């Protein structure tokens, strides 16, 4: 029975459900959904079972040090820990230059933590070595959005779900990975039964059980599938010339200006009969998916890691946007190209705040000299303080750590020893005997702590205040509901003290609380097309999220970007009803991206596709959801999914232990036989620390976004 209800945000998925925390003064006792946030008071099982996680005593509550490598982690005071951290970082810079140090962060960090980490490093130390886990996740979608539209982030919101009359859901297990949203998608098809749902995924998941059509294409061939859809759309005159002639540009396979006829000529390469064999699907599915897509009153695509975790990730994102653009299924209620964000805070913390190695806050870029000056001005730095070279992107960061080039690294609210691709390579990198690794980590079973030289105990979740920005441009405050336990401190406060102690100019880190940093971030955003000056803490305390752009206390926020009358970045006096202002002529761009494959495709010797996936009960590495007994009752440990008519024809039964092996490692797993994986595909989950699947996975990255291709590599299976 609670006395106080404290408003915040679910700690887990990018659906970003508002949460109310019931405290019986000082202890959280109950949790409900925020009736006033988009989720309308609905929480999924994970969300609803957060109170045990918050209450867990299995927490990191004092700072810890590992005197020597391979030693034992032992207690140390906060002051010795802060001096040790600051002296090491200063010493490294002094001897070897800013690029010898790095920040490795998280879309789970509060927007304020990431904003301070990013400033200390980019403006304080003078290094652009600030990256994070959204690199493993959302970087393809950023590239797809910037190359297609000139600006990052969806142009619609979740509310478009209520109006789509077709959902094309590709690379997304919405029901297991975005359960609230999937229910809203289910809800919509309930209310209007003439709503069509296409689910495109090599796996037949719970998500397909509301689909009119499930396209179970061969991993990696979805680019061809989607070009092929565009061919049908053009061929059957289902396209929208009034839209694309005014609003669209066309870039050929080399990225040179082209035209509709160019596009038609290129698409001839993607005829349905030919592309149907590549994809291993009945040709009727291409015609079906295309016609549904184009004939529908309002079409919405939603996609996640099956599209992004790919060496052609940016290109795939482009291809989804091509369909919306050729058909004009965009900038109207129900009709948009909506990339789904995994993490609660990839959008606000890392992407919008520019906390990646090539980026600067609010739409600005490292290589852009005017943007550096804009930031040196706002942040009060000398000229040239901000380096012109992008720092290390994640994969290359950990390679630099391994070579000795990065000597000191902070890891904050991520578990990279468990979740980075090609683990054997990374664990060797993380074991460099002369490296100094500092972990800010709340739960001591995180495997990465086994490589840490120093561990700082942070406040978790609603033990402190701060903003999370979910996938629909929604910035939502979590207020503080409880004191942190033991010696846990807000990471914002820890970062300021680290900076001060490490000789950073104190005017650069002039913040007492997360609120202070928010007002600066508001200021740094003002005038950009990411503007949220209008999101004062006061408004964020009272409201259940605001959606940007929101440039004044009287502005309600923005649902439809790029749309005159809706989006304030679009002049009221603009000639055309739409304005894609991230492109100099106001036109979104269809990209004629050639369709290729995975970087490690199957062959005689490794004849299987290996994928990796999300499972509903388990959040990533299970340091949180693992503290909840009910979350263990269904899938307690790792398994490997195997296709029925692949199992029998190769002589493998259900339940039998098997060896999944790839060029990089081998691993015994309990087989799980179903019709989930289409023939020629197996799939492993990644929440079991006793089964570090990322040891089998390769490391190739999209050459633009530098996202790893976790979704595809080549494997073999044999009976144990």
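Numbering follows the first chain given and starts at 1.
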property	result
Entry-level comparison of average CA B-factors, 183 to 191 and 67 to 75, reporting the higher stretch	67 to 75
Stretch with the higher entry mean CA B-factor, where the candidates are 466 to 474 and 643 to 651	643 to 651
575, 342, 143, 150, ranked by C-alpha B-factor: the highest one	575
Residue selected from 134, 288, 313, 602 by maximal Cα B factor	602
Residue 332 by Cα B-factor - lowest, middle or highest third of the modelled chain	lowest
Third assignment of residue 112 from its chain's C-alpha B-factors	lowest
Where the record places residue 324 (Cα B-factor, split into thirds across the chain)	lowest
Within-chain third of residue 22 by Cα B-factor, per the entry	highest
For residue 83, the third of its chain into which the C-alpha B factor falls	middle
